[PDB]
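Please find the sequence and an experimentally derived structure below.
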Amino acid sequence: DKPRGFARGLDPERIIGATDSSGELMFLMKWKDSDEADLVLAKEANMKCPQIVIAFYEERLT
Amino acid sequence: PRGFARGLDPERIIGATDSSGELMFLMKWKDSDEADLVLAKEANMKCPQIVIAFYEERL
């Protein structure tokens, strides 16, 4: 089932978790108007939806 | 002029605290050795990549 991540063309809604178990930081991105949440590279989310990334960190780290 | 009103580009957030009542960043500007406290809310909007790099370096 393709596409995944930002390729779905959905608006990002909220990051609901983060993992670096692969060696690269990834976020679990919940998509607006969807029940789908996909891992996306943090580098990609940082650039495309920085306020969503910042919101996640404020929730988790503050 | 201190803070963003200095008109200097941010280099990096040195540290963070909420001892003021709100989340604040201690901000290093490029072109200065003098760090300023800025509200996280301001930095989030004016330099989101600098804010993100701080959080990434932490977690």
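Looks like it came in fine. Numbering: from 1, shown residues only, chains lettered A, B, ... in the order given.

Need the residue closest to the centroid of chain A.
By Cα atoms, centre = their mean, chain A has its centre lying nearest to residue A:29, at 3.1 Å.

Just grab the bridge partners of it for me.
Here residue A:29 sits in beta bridges with residue A:15, residue A:38, going by DSSP bridges.

need the contact list for it.
A:5, A:12-16, A:37-40, A:45 (Cβ atoms under 8 Å, 6 or more residues apart in numbering or on different chains). To be clear about C-beta, it is placed using only N, CA and C from the backbone, and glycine gets the same treatment.

Against which helices or strands is the top helix by length along chain A packed?
If you go by DSSP state H, chain A has its longest helix at helix A:50-61. In terms of contacts (3 or more Cβ pairs under 8 Å, 6 or more residues apart in numbering or on different chains; DSSP states H and E), helix A:50-61 is packed against strand A:12-19, helix A:42-48, helix B:40-46, helix B:48-58.

In contact with residue A:6, which residues?
So residue A:6 contacts A:12, A:40, A:44, A:48 (Cβ under 8 Å, 6+ apart).
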